[PDB]
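Quick notes on the structure that follows.
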Amino acid sequence: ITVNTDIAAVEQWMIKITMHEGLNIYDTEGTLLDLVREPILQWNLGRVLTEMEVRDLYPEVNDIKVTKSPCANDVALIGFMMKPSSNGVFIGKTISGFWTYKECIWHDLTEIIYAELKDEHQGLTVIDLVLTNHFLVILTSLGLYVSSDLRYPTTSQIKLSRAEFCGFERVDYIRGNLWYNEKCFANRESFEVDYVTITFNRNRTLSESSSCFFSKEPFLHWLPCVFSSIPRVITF
Amino acid sequence: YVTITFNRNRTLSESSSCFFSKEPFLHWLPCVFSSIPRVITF
Amino acid sequence: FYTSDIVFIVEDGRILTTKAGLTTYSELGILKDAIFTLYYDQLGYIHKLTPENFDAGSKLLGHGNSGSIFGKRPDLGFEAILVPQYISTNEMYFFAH
Amino acid sequence: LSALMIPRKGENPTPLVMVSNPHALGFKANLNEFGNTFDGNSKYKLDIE
Amino acid sequence: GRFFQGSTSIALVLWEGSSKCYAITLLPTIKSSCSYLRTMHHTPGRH
Amino acid sequence: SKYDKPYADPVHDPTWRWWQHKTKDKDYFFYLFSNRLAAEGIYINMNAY
Amino acid sequence: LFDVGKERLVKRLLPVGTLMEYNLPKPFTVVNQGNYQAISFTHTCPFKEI
Ligand SMILES: *[C@@H]1O[C@H](CO)[C@@H](O[C@@H]2O[C@H](CO)[C@@H](O[C@@H]3O[C@H](CO[C@@H]4O[C@H](CO)[C@@H](O)[C@H](O[C@@H]5O[C@H](CO)[C@@H](O)[C@H](O)[C@@H]5O)[C@@H]4O)[C@@H](O)[C@H](O[C@@H]4O[C@H](CO)[C@@H](O)[C@H](O)[C@@H]4O[C@@H]4O[C@H](CO)[C@@H](O)[C@H](O)[C@@H]4O)[C@@H]3O)[C@H](O)[C@H]2NC(C)=O)[C@H](O)[C@H]1NC(C)=O
Ligand SMILES: *[C@@H]1O[C@H](CO)[C@@H](O)[C@H](O)[C@H]1NC(C)=O
Ligand SMILES: *[C@@H]1O[C@H](CO)[C@@H](O)[C@H](O)[C@H]1NC(C)=O
């Protein structure tokens, strides 16, 4: 099937079982997924929550978000948005496309996301999250975080970098969306470049006059989407 | 050196209200690094 | 991206569906759960995701049917008086009163 | 060898080729559609090698 | 292609068809690059 | 309208006389067009006429 | 067309086949199907297709 065994974005495979090839009679469809080349699977997302540790969380859940991992589906991440009464970042992982509830292993990322903060503030929930072909972006209640990368496993634990947004407090990050074009880049042609847009609902304060930013592939420089009554950018 | 002092709530974006800079006033760095007493003057 | 299916969720619990590039749509049904979301896998099957509920559908076909979770295909008709009227051998008008 | 098959109008029959002695006779069969009749049904040509 | 340069998508839509059919839209992609199998070899003739 | 001559050309299709002394070298015209180094960026094809 | 705002001289197709098909009053029968009654128009063209 495959002769290369690095870490890269490789598509899934569609499997057809038949009783004969040319005279196709009893067709049955299915999926086959590679494990050793999938980017996201090689890292540990965080501390594993056990059973009956997620059951008490249920009367606190407020909304559900999912990812898709554009090149190969069925390896989605499911994120919980929760009430401000409870605390923690709660993400489950699938590898079989949510066919059984027993397989969605639940993690928690509170330690990793509190590391680059210098102090715990109040309590945080995941607002939105996307999974690009080589990066993971999470807009949580306390700001925006970008994973370092997925193709170079070094510590078996995701290292998040906190994006900077001057003048942005908690009541802005709870109203903000991430937009991304779901396109698969399997063999990685040179012209293919990925973008991510973030949009807030703000008042155009003194510190920042924009409400809409976008960034290229290593999500480090976030530049405003509008340059030099005034309309609002719903989506760029 | 020049010091600048504010009166803030220690928000999410910024944790300091006391900065200072050298003769080229381009790199303004906080005066105190890592209940919390407020610094009136540094 | 398989089967080119698109599904919108609208408050009051309704679910609208279409294919990509078509200029018409349909109403798959209704769903009144408090917190839920819809997911499409690689083969095209649709799953309802809820805390402690990952449902896939009662009736499953070989291909990727997108209406398995809902019970019966709903009646799209309203309540009015229809007056029919012939115009040809195989064509007919209906007037809503 | 070659055979021709026309199915019913709405049904979907699946043909099959079998060998009495598979220990000493192997085959490969290809079923391809060619033409379409006047009424609307489609002729199928299946060739066995 | 036109000349020396990307990618594009070709969409085939059956506008008349119903929304309960399994396959309606077909989306080939055409890339103005070379595949990973496009190589050139030189047989030495010795074997 | 000029093909009314009473002397038989070796080939039909009177555009053969047009595209005969230049048709040996279509590839160079194509190379000059593809890398946009020629004329007004105009590629005059040989089989379009 | 004498209509106010569009008083103008226009040329227009006259679909004779469509008019002939839209000529409605034709012999029919009250045929019994599905333990009910339907209006089935008698076939006048001797052939089905050409
Ligand atoms: C859908 O799924 C299919 C499943 O097959 C998948 O096809 C696979 O795509 C891969 C690319 O993503 C292909 O990998 C490529 O393999 C090339 C070598 O092919 C050789 O073919 C020989 C005869 O068939 C075979 O004997 C040979 O055996 C192998 O040799 C390897 C050493 O070359 C060795 O490591 C193996 O263990 C095995 O012995 C090969 O199979 C490679 O040339 C190609 O590119 C190289 O990649 C490596 C790693 O990054 C790199 O170090 C190396 O320099 C090459 O990079 C570039 O090569 C080009 C030449 O091609 C140079 O010009 C550049 O300068 C670079 O140097 C790559 O690894 C794989 O072969 C293929 N599967 C099969 C069965 O063929 C599709 O891609 C999937 N598609 C989608 C959209 O998902
Ligand atoms: C802008 O400010 C007004 C009052 O100052 C506030 O009501 C409004 O919500 C603000 N806009 C947004 C998008 O929050
Ligand atoms: C901090 O916040 C409290 C209430 O939110 C306010 O009363 C106080 O003035 C703030 N501190 C400063 C220095 O403004």
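Each chain in the structure tokens gets a letter, A, B, ..., in the order shown, and its residues are numbered from 1; ligands are numbered from 1 in order too.
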
Counting only C-alpha atoms and all ligand atoms, what are the residues of chain A within 10 Å of ligand 2, and for each of them which pair of atoms is the nearest and at what distance in Å, to one decimal? Sort the table by chain and rising number, as JSON lines.
```
{"residue": "A:171", "atom": "CA", "partner": "ligand 2", "partner_atom_place_in_ligand_line": "14 (O)", "distance": 9.3}
{"residue": "A:172", "atom": "CA", "partner": "ligand 2", "partner_atom_place_in_ligand_line": "14 (O)", "distance": 8.2}
{"residue": "A:175", "atom": "CA", "partner": "ligand 2", "partner_atom_place_in_ligand_line": "14 (O)", "distance": 8.8}
{"residue": "A:200", "atom": "CA", "partner": "ligand 2", "partner_atom_place_in_ligand_line": "13 (C)", "distance": 8.0}
{"residue": "A:201", "atom": "CA", "partner": "ligand 2", "partner_atom_place_in_ligand_line": "13 (C)", "distance": 4.2}
{"residue": "A:202", "atom": "CA", "partner": "ligand 2", "partner_atom_place_in_ligand_line": "13 (C)", "distance": 4.3}
{"residue": "A:203", "atom": "CA", "partner": "ligand 2", "partner_atom_place_in_ligand_line": "1 (C)", "distance": 4.3}
{"residue": "A:204", "atom": "CA", "partner": "ligand 2", "partner_atom_place_in_ligand_line": "1 (C)", "distance": 7.9}
{"residue": "A:205", "atom": "CA", "partner": "ligand 2", "partner_atom_place_in_ligand_line": "1 (C)", "distance": 9.1}
{"residue": "A:211", "atom": "CA", "partner": "ligand 2", "partner_atom_place_in_ligand_line": "13 (C)", "distance": 9.3}
{"residue": "A:232", "atom": "CA", "partner": "ligand 2", "partner_atom_place_in_ligand_line": "13 (C)", "distance": 9.0}
```

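Taking only C-alpha atoms and all ligand atoms into account, every polymer residue with at least one atom at most 9 Å away from ligand 1 is listed here: residues 1, 2, 3, 4, 5, 6, 8, 9, 10, 11, 12, 13, 71, 184, 185, 186 and 187 of chain A; 35, 36, 37, 38 and 39 of chain E.
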
* Leaving out residue 44 in chain C and any residue of its chain fewer than 6 positions from it, which residues lie within 10 Å of it when counting only C-alpha atoms, given as a ChimeraX atom specification? -> /C:1-5,63-66 /E:22

Write a file of the just-selected residues containing C-alpha atoms, as an mmCIF file, in the first residue's frame.
```cif
data_model
loop_
_atom_site.group_PDB
_atom_site.id
_atom_site.type_symbol
_atom_site.label_atom_id
_atom_site.label_comp_id
_atom_site.auth_asym_id
_atom_site.auth_seq_id
_atom_site.Cartn_x
_atom_site.Cartn_y
_atom_site.Cartn_z
ATOM 1 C CA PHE C 1 -17.181 16.447 0.224
ATOM 2 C CA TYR C 2 -18.375 12.961 -0.602
ATOM 3 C CA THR C 3 -21.992 13.066 -1.879
ATOM 4 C CA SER C 4 -21.782 16.906 -1.875
ATOM 5 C CA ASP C 5 -24.381 17.197 0.888
ATOM 6 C CA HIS C 63 -24.811 4.175 0.494
ATOM 7 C CA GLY C 64 -24.533 7.334 2.555
ATOM 8 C CA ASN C 65 -28.148 8.250 3.236
ATOM 9 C CA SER C 66 -28.554 11.612 4.960
ATOM 10 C CA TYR E 22 -26.943 9.440 -3.963
#
```

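Residues surrounding residue 177 in chain A within 9 Å are residues 127, 128, 129, 139, 173, 174, 175, 179, 197, 198, 199 and 200 of chain A [only C-alpha atoms; sequence separation below 2 positions excluded].
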
Same residues, N, CA, C and O atoms, output as a PDB file, in the first residue's frame:
```pdb
ATOM      1  N   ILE A 127     -14.258  28.203  23.076  1.00  0.00           N
ATOM      2  CA  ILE A 127     -15.221  28.933  22.271  1.00  0.00           C
ATOM      3  C   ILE A 127     -15.260  28.416  20.840  1.00  0.00           C
ATOM      4  O   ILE A 127     -16.340  28.202  20.285  1.00  0.00           O
ATOM      5  N   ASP A 128     -14.098  28.194  20.233  1.00  0.00           N
ATOM      6  CA  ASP A 128     -14.050  27.612  18.899  1.00  0.00           C
ATOM      7  C   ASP A 128     -12.703  26.935  18.710  1.00  0.00           C
ATOM      8  O   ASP A 128     -11.738  27.233  19.415  1.00  0.00           O
ATOM      9  N   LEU A 129     -12.647  26.019  17.749  1.00  0.00           N
ATOM     10  CA  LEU A 129     -11.382  25.368  17.445  1.00  0.00           C
ATOM     11  C   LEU A 129     -11.410  24.851  16.016  1.00  0.00           C
ATOM     12  O   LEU A 129     -12.450  24.409  15.527  1.00  0.00           O
ATOM     13  N   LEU A 139      -9.485  28.933  19.958  1.00  0.00           N
ATOM     14  CA  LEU A 139      -9.891  30.197  20.552  1.00  0.00           C
ATOM     15  C   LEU A 139     -10.702  29.858  21.792  1.00  0.00           C
ATOM     16  O   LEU A 139     -11.856  29.428  21.691  1.00  0.00           O
ATOM     17  N   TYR A 173     -13.357  37.644  23.725  1.00  0.00           N
ATOM     18  CA  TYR A 173     -13.068  36.303  23.239  1.00  0.00           C
ATOM     19  C   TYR A 173     -14.281  35.385  23.259  1.00  0.00           C
ATOM     20  O   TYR A 173     -14.281  34.370  22.556  1.00  0.00           O
ATOM     21  N   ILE A 174     -15.308  35.710  24.049  1.00  0.00           N
ATOM     22  CA  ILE A 174     -16.516  34.897  24.054  1.00  0.00           C
ATOM     23  C   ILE A 174     -17.402  35.210  22.859  1.00  0.00           C
ATOM     24  O   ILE A 174     -18.334  34.452  22.568  1.00  0.00           O
ATOM     25  N   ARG A 175     -17.147  36.315  22.163  1.00  0.00           N
ATOM     26  CA  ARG A 175     -17.829  36.648  20.915  1.00  0.00           C
ATOM     27  C   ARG A 175     -16.755  36.784  19.844  1.00  0.00           C
ATOM     28  O   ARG A 175     -16.278  37.882  19.553  1.00  0.00           O
ATOM     29  N   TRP A 179     -12.729  31.326  11.008  1.00  0.00           N
ATOM     30  CA  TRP A 179     -13.119  30.915   9.670  1.00  0.00           C
ATOM     31  C   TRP A 179     -11.921  30.304   8.961  1.00  0.00           C
ATOM     32  O   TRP A 179     -10.806  30.843   9.026  1.00  0.00           O
ATOM     33  N   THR A 197      -8.834  33.038   9.501  1.00  0.00           N
ATOM     34  CA  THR A 197      -9.418  34.329   9.838  1.00  0.00           C
ATOM     35  C   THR A 197     -10.072  34.253  11.210  1.00  0.00           C
ATOM     36  O   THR A 197     -10.678  33.239  11.558  1.00  0.00           O
ATOM     37  N   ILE A 198      -9.941  35.319  11.994  1.00  0.00           N
ATOM     38  CA  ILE A 198     -10.638  35.450  13.266  1.00  0.00           C
ATOM     39  C   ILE A 198     -11.429  36.751  13.236  1.00  0.00           C
ATOM     40  O   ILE A 198     -10.962  37.758  12.687  1.00  0.00           O
ATOM     41  N   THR A 199     -12.647  36.713  13.775  1.00  0.00           N
ATOM     42  CA  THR A 199     -13.542  37.864  13.733  1.00  0.00           C
ATOM     43  C   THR A 199     -14.155  38.091  15.105  1.00  0.00           C
ATOM     44  O   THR A 199     -14.669  37.151  15.720  1.00  0.00           O
ATOM     45  N   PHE A 200     -14.108  39.337  15.579  1.00  0.00           N
ATOM     46  CA  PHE A 200     -14.656  39.726  16.869  1.00  0.00           C
ATOM     47  C   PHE A 200     -15.792  40.726  16.682  1.00  0.00           C
ATOM     48  O   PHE A 200     -15.988  41.296  15.605  1.00  0.00           O
TER      49      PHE A 200
END
```

* Asked: What are the DSSP strand (DSSP E or B) residues of chain B, as a list in words?
  ->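 Put together, the selection reads residues 2, 3, 4, 5, 18, 19, 20, 21, 29 and 30 of chain B.
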
Selection: 12 Å around residue 38 in chain F, only C-alpha atoms, excl. self and same-chain fewer than 6 positions, as a PDB file with N, CA and C atoms, in the first residue's frame:
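Contents of selection_36.pdb, freshly written:
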```
ATOM      1  N   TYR F  28       8.660  25.944 -31.688  1.00  0.00           N
ATOM      2  CA  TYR F  28       9.374  27.129 -31.227  1.00  0.00           C
ATOM      3  C   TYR F  28       8.411  28.273 -30.968  1.00  0.00           C
ATOM      4  N   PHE F  29       7.377  28.365 -31.794  1.00  0.00           N
ATOM      5  CA  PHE F  29       6.342  29.359 -31.563  1.00  0.00           C
ATOM      6  C   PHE F  29       5.626  29.056 -30.256  1.00  0.00           C
ATOM      7  N   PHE F  30       5.368  27.766 -30.005  1.00  0.00           N
ATOM      8  CA  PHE F  30       4.725  27.370 -28.754  1.00  0.00           C
ATOM      9  C   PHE F  30       5.608  27.668 -27.546  1.00  0.00           C
ATOM     10  N   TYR F  31       6.912  27.386 -27.643  1.00  0.00           N
ATOM     11  CA  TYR F  31       7.813  27.688 -26.534  1.00  0.00           C
ATOM     12  C   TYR F  31       7.898  29.180 -26.270  1.00  0.00           C
ATOM     13  N   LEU F  32       7.992  29.988 -27.323  1.00  0.00           N
ATOM     14  CA  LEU F  32       8.016  31.431 -27.151  1.00  0.00           C
ATOM     15  C   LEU F  32       6.737  31.971 -26.535  1.00  0.00           C
ATOM     16  N   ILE F  44      -0.802  32.448 -32.405  1.00  0.00           N
ATOM     17  CA  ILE F  44      -1.589  32.166 -33.598  1.00  0.00           C
ATOM     18  C   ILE F  44      -1.471  30.673 -33.869  1.00  0.00           C
TER      19      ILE F  44
END
```

* **Surroundings of ligand 3 up to 8 Å, based on only C-alpha atoms and all ligand atoms, as a PyMOL selection string** => chain B and resi 6-10

* Residue with smallest distance to chain B - pool A:209, A:215, A:141, A:148, counting only C-alpha atoms ->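 Result for the nearest residue to chain B: A:141.
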
* Asked: For chain G against chain D, which residues fall within 12 Å using only C-alpha atoms, given as a list in words?
  ->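 Written out as asked, the residues are residues 48, 49 and 50 of chain G.
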
For the residues selected in the previous step, produce a file with C-alpha atoms as a PDB file, in the first residue's frame.
```
ATOM      1  CA  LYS G  48     -46.408   5.797 -29.253  1.00  0.00           C
ATOM      2  CA  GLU G  49     -43.070   7.010 -30.620  1.00  0.00           C
ATOM      3  CA  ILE G  50     -41.189   7.693 -33.855  1.00  0.00           C
TER       4      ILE G  50
END
```

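Closest to chain C among E:18, E:32, E:8, E:43 is E:18, based on only C-alpha atoms.
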
* **Surrounding residues of residue 37 in chain C excluding itself and chain neighbours under 3 positions, 7 Å, only C-alpha atoms, as a PyMOL selection string** => (chain A and resi 64) or (chain C and resi 48-50)

Residues of the last selection are to be written out with C-alpha atoms, as a PDB file, in the first residue's frame.
```pdb
ATOM      1  CA  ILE A  64     -20.701  21.310  21.085  1.00  0.00           C
TER       2      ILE A  64
ATOM      3  CA  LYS C  48     -26.259  13.158  15.728  1.00  0.00           C
ATOM      4  CA  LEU C  49     -23.781  14.113  18.448  1.00  0.00           C
ATOM      5  CA  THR C  50     -24.985  14.914  21.975  1.00  0.00           C
TER       6      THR C  50
END
```

* Write out as a ChimeraX atom specification all residues of range 52-168 of chain A that backbone DSSP assigns to helix (DSSP H, G or I). => /A:58-60,110-115

* Mind checking which residues fall within 8 Å of residue 30 in chain C, counting only C-alpha atoms, ignoring those fewer than 3 positions away in the same chain, and posting them as a PyMOL selection string? => chain C and resi 13-15+70

* To do: Measure the distance from CA of residue 221 in chain A to CA of residue 109 in chain A in Å and round it to one decimal.
  =>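 Rounded to one decimal, the two atoms are 24.5 Å apart.
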
* One-decimal distance in Å that lies between CA of residue 40 in chain D and CA of residue 46 in chain G ->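 Value for the CA of residue 46 in chain G-CA of residue 40 in chain D distance: 19.9 Å.
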
* Interface list for chain C, partner chain A, 7 Å threshold, only C-alpha atoms, as a PyMOL selection string -> chain C and resi 35-37+41-42+51-54

* Interatomic distance, CA of residue 218 in chain A to CA of residue 28 in chain B (Å, one decimal) -> 27.1 Å

* **Interface residues on chain B facing chain A, 10 Å, only C-alpha atoms, written as a list in words** =>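 Within 10 Å of chain A on chain B, we get residues 10, 11, 12, 13, 14, 15 and 34 of chain B.
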
* Residue list for chain E near chain F as JSON, numbers by chain, 10 Å, only C-alpha atoms -> {"E": [2, 3, 4, 5]}
